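Protein chains: 2
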Amino acid sequence: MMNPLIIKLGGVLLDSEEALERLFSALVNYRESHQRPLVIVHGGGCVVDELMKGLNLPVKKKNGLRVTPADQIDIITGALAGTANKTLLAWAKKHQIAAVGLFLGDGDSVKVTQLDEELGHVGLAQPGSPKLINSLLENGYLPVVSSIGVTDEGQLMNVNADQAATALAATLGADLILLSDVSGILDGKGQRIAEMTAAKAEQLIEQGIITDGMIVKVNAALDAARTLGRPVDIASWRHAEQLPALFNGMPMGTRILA
Amino acid sequence: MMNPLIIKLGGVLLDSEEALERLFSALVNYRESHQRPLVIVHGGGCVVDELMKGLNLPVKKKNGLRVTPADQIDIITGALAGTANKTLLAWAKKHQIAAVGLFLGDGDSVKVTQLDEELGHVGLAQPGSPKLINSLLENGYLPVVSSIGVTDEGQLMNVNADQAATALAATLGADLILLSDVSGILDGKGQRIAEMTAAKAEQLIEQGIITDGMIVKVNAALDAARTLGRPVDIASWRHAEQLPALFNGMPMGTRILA
Ligand SMILES: Nc1ncnc2c1ncn2[C@@H]1O[C@H](COP(=O)(O)OP(=O)(O)NP(=O)(O)O)[C@@H](O)[C@H]1O
Ligand SMILES: Nc1ncnc2c1ncn2[C@@H]1O[C@H](COP(=O)(O)OP(=O)(O)NP(=O)(O)O)[C@@H](O)[C@H]1O
Ligand SMILES: CC(=O)N[C@@H](CCC(=O)O)C(=O)O
Ligand SMILES: CC(=O)N[C@@H](CCC(=O)O)C(=O)O
Ligand SMILES: [Mg+2]
Ligand SMILES: [Mg+2]
Numbered sequence: 001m002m003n004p005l006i007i008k009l010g011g012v013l014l015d016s017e018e019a020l021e022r023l024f025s026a027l028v029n030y031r032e033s034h035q036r037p038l039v040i041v042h043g044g045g046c047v048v049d050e051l052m053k054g055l056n057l058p059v060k061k062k063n064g065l066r067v068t069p070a071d072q073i074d075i076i077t078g079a080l081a082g083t084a085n086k087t088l089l090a091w092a093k094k095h096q097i098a099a100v101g102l103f104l105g106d107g108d109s110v111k112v113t114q115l116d117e118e119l120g121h122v123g124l125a126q127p128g129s130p131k132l133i134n135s136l137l138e139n140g141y142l143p144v145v146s147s148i149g150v151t152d153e154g155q156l157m158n159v160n161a162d163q164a165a166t167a168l169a170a171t172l173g174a175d176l177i178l179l180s181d182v183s184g185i186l187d188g189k190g191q192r193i194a195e196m197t198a199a200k201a202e203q204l205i206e207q208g209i210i211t212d213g214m215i216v217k218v219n220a221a222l223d224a225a226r227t228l229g230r231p232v233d234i235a236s237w238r239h240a241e242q243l244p245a246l247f248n249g250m251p252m253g254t255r256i257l258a
Numbered sequence: 001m002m003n004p005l006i007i008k009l010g011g012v013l014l015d016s017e018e019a020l021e022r023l024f025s026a027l028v029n030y031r032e033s034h035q036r037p038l039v040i041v042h043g044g045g046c047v048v049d050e051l052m053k054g055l056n057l058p059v060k061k062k063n064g065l066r067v068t069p070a071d072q073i074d075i076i077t078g079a080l081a082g083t084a085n086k087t088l089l090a091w092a093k094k095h096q097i098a099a100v101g102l103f104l105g106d107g108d109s110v111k112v113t114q115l116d117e118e119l120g121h122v123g124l125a126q127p128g129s130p131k132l133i134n135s136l137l138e139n140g141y142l143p144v145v146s147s148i149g150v151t152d153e154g155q156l157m158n159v160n161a162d163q164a165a166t167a168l169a170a171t172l173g174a175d176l177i178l179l180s181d182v183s184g185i186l187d188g189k190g191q192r193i194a195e196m197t198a199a200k201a202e203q204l205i206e207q208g209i210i211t212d213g214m215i216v217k218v219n220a221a222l223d224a225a226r227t228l229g230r231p232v233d234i235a236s237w238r239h240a241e242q243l244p245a246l247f248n249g250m251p252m253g254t255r256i257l258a
């Protein structure tokens, strides 16, 4: 069929029932008016941070990535691959969407290896096999993929959701939209930046405008854009009225050009 | 293809790396010497209890079922559908098994509804659609199914793993083996009971020999046995040497006759 569209979800989205309702309303409307099959990839520092907080566990993120010790991978996996993933599956069911929950290791959709011993159980995601997901898409299911992966040696890995989404986009040859709490990438004044290139990203990074998580998000988007040969959008999930146009192609945030 | 074989896992199994290794060794050996496709269903009060314990959260089980308040369903879902499920997926990968993680709601494999308001988010599992799992089995994957489900209204439900396994057995017309920490059902002296009938189960229950969780396990096994028209075994996963014969049909625990 057509190239699928991957919609990546994350941020505080999971903390808002209203936001989730409006989002799924837009997803149903899109699905029932488009032939391009959808695939959802999600993160959830939201469900994770709140949990780590309650557990008095520190949240150290080295260069945008969460240091994930061996004694914390199981609980993080529970929050991400379990709670976040199933919460989204429940919303899909509530809206009569036939969804199937998956993590990066299912059907070896996305290959993961240990990125850096200093990060612990943090995985480096690279393209895998599209066979399983393609079969699910052809059968009419909506794959909802978490960012937890597993190495060939059987070690669970926590993968940044933006990087996981980009790896899956390459695997499926899918278009990609990264939805976040903010309207794309902001400049030094907090204003939305309409278009992004590698040269500009480098500039902004050199100037300290793009920091933390956003450095990881932009680099992931740029990688996807150059791999696919198609633009990649970073936009917000916060405003109901913008969702339909967004899912249809209207630039609502930052469009990465490669 | 042939009627699949569902192997249900639970208990303290997840706390033993050695036990997990020996189990998967036996699973690989079985798979490579049998045409009957395997399906794993798992519980995990193990990963859940230890977590609830550390959280100073009480574990109240009414009539063998864990009272699951709305404020605890997310964390239980994380432990069961996330941690337990992915831990098993990691072991499968370690042994080069192409597995796919699922929960009861995927492909509506097992239908779930609220069992009793007094239990909270505890689901009543009944047969669903075998289409998704049958397709995965035909494609060569090993489904690993958690006991978390979801109602049509989008509410996550915690389902007793034995009941979930029985509901799935009916859905798939699968043979069933329930693996636990003990060698089947024990009598008043703690000795293994070789065969079980509904009449005998009633007797033992009336005599207070079969209590708690075991009442739920036996009733689930008896239901499966009468639905399938085939015997159902309850046996232990603790002894390495018994696994091969067990998976092949040798009675190692309690065989439920219907
Ligand atoms: N120049 C910048 N422009 C925009 N956002 C920035 C910038 N620098 C840093 N950020 C941060 O980038 C965050 C975006 O990345 P991130 O916090 O990981 O959200 P997410 O990827 O949407 N969620 P999730 O998948 O759950 O992690 C924003 O909310 C900002 O705090
Ligand atoms: N007459 C009995 N015979 C055998 N076991 C009994 C009996 N009465 C109670 N039990 C208990 O039944 C338990 C078996 O059920 P359960 O504790 O829920 O394990 P499980 O279903 O294997 N694990 P899981 O899926 O993770 O919940 C045993 O370990 C015993 O504590
Ligand atoms: C390694 C890493 O940073 N992981 C992310 C995965 C979830 C996400 O992107 O929201 C994390 O916060 O734990
Ligand atoms: C409702 C209910 O008892 N659920 C089970 C599910 C896991 C299992 O069987 O191990 C529970 O302990 O939370
Ligand atoms: Mg992020
Ligand atoms: Mg049990």
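Just so you know, the protein sequences line up as chains A and A', in that order. A prime marks a further copy of an entry chain. Take 1 as the starting number for the first sequence in PDB author numbering and just add one per residue. Take 1 as the starting number for the second sequence in PDB author numbering and just add one per residue. Positions of the beta carbon are idealized from the N, C-alpha and C atoms, including for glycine.
Residue burial is scored here from C-beta neighbours: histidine 42 of chain A' has at least 16 other C-beta atoms within 10 angstroms and is therefore classed as buried. With its beta carbon at least 8 Å from every one in chain A', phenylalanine 247 of chain A lies outside the interface. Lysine 62 of chain A is bridged by DSSP to A/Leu65. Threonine 77 of chain A has its alpha-carbon roughly 18 Å from the corresponding atom of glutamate 17 of chain A'. Contact of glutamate 153 of chain A' with chain A is assigned, a C-beta pair being separated by under 8 Å.
Contact with chain A is found for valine 100 of chain A', since one of that chain's Cβ atoms lies less than 8 Å from the residue's Cβ.
Boundaries of the alpha helix (DSSP H) around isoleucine 215 of chain A: 212-228. When the five nearest sequence neighbours on each side are left out, the beta carbons in the same chain lying within less than 8 Å of the beta carbon of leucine 172 of chain A' are those of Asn3, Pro4, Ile6, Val39, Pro130, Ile133, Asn134, in order along the chain.
Pairwise C-beta distances place the stretch 50-63 of chain A out of contact with the stretch 97-110 of chain A, as fewer than three of them are shorter than 8 Å.
The CB of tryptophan 237 of chain A never comes closer than 9 Å to any CB in chain A'; the least such distance is about 18 Å. Annotation for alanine 161 of chain A' indicates a beta carbon within 7 Å of some heavy atom of ligand 4.
The three-state secondary structure of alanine 70 of chain A', taken from DSSP, is coil. Leaving aside the five residues that flank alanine 198 of chain A on each side, the residues in its chain whose CB is nearer than 6 Å to its CB run, in chain order, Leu222. For the stretch 70-83 of chain A, the beta-carbon criterion of a distance under 8 Å to any beta-carbon of chain A' is satisfied by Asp74, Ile75, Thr77, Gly78, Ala79, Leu80, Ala81, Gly82, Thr83.
At least one CB of chain A' lies nearer than 8 Å to the CB of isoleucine 148 of chain A. Here the C-alpha atom of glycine 128 of chain A lies approximately 15 Å from the C-alpha atom of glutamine 114 of chain A.
In the structure shown, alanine 125 of chain A adopts extended strand secondary structure according to DSSP, grouped into three states. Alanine 194 of chain A is classed as exposed because its beta carbon has fewer than 16 other beta carbons within 10 Å across all chains shown.
By the Cβ-count criterion, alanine 164 of chain A is buried, with 16 or more other Cβ atoms from all chains shown falling within 10 Å of its own Cβ.
Boundaries of the beta strand (DSSP E) around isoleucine 234 of chain A': 232-236. Judged by DSSP in its simplified three-state form, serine 16 of chain A adopts coil rather than helix or strand. Here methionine 1 of chain A is exposed, its C-beta having fewer than 16 other C-beta atoms within 10 Å. Excluding the 5 residues flanking it on each side, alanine 84 of chain A has same chain C-beta neighbours closer than 7 Å at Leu14, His42, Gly44, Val47, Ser146, in chain order.
Using a Cβ distance threshold of 8 Å, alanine 98 of chain A' and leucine 156 of chain A' do not count as a contacting pair. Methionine 250 of chain A' counts as exposed, since fewer than 16 other C-beta atoms from the protein chains shown sit within 10 angstroms of its C-beta.
For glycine 184 of chain A', the three-state secondary structure derived from DSSP is coil. Taking CB atoms only, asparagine 139 of chain A has a neighbour in chain A' less than 8 Å away. The chain-ordered list of residues whose CB is nearer than 6 Å to some heavy atom of ligand 1 reads A/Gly10, A/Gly11, A/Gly43, A/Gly44, A/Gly45, A/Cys46, A/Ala161, A/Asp162, A/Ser180, A/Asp181, A/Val182, A/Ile185, A/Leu186, A/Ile209, A/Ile210, A/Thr211, A/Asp212, A/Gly213, A/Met214, A/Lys217.
For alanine 164 of chain A, the uninterrupted alpha helix (DSSP H) segment begins and ends at 161-172. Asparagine 134 of chain A carries a helical assignment under DSSP once its states are collapsed to helix, strand and coil. The three-state reading of DSSP puts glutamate 206 of chain A' in helix, counting H, G and I together. Contact between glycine 154 of chain A and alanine 90 of chain A' holds, with the beta-carbon distance rounding to 4 Å and staying under 8 Å. Interface flag for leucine 27 of chain A' against chain A is unset, since no Cβ pair is found closer than 8 Å. Measuring C-alpha to C-alpha distances from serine 25 of chain A to each of A/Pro231, A/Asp175, A/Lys94, A/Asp49 identifies A/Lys94 as the nearest. Here the alpha carbons of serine 183 of chain A and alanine 235 of chain A stand approximately 5 Å from one another.
The continuous beta strand (DSSP E) containing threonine 254 of chain A extends over residues 254-256.
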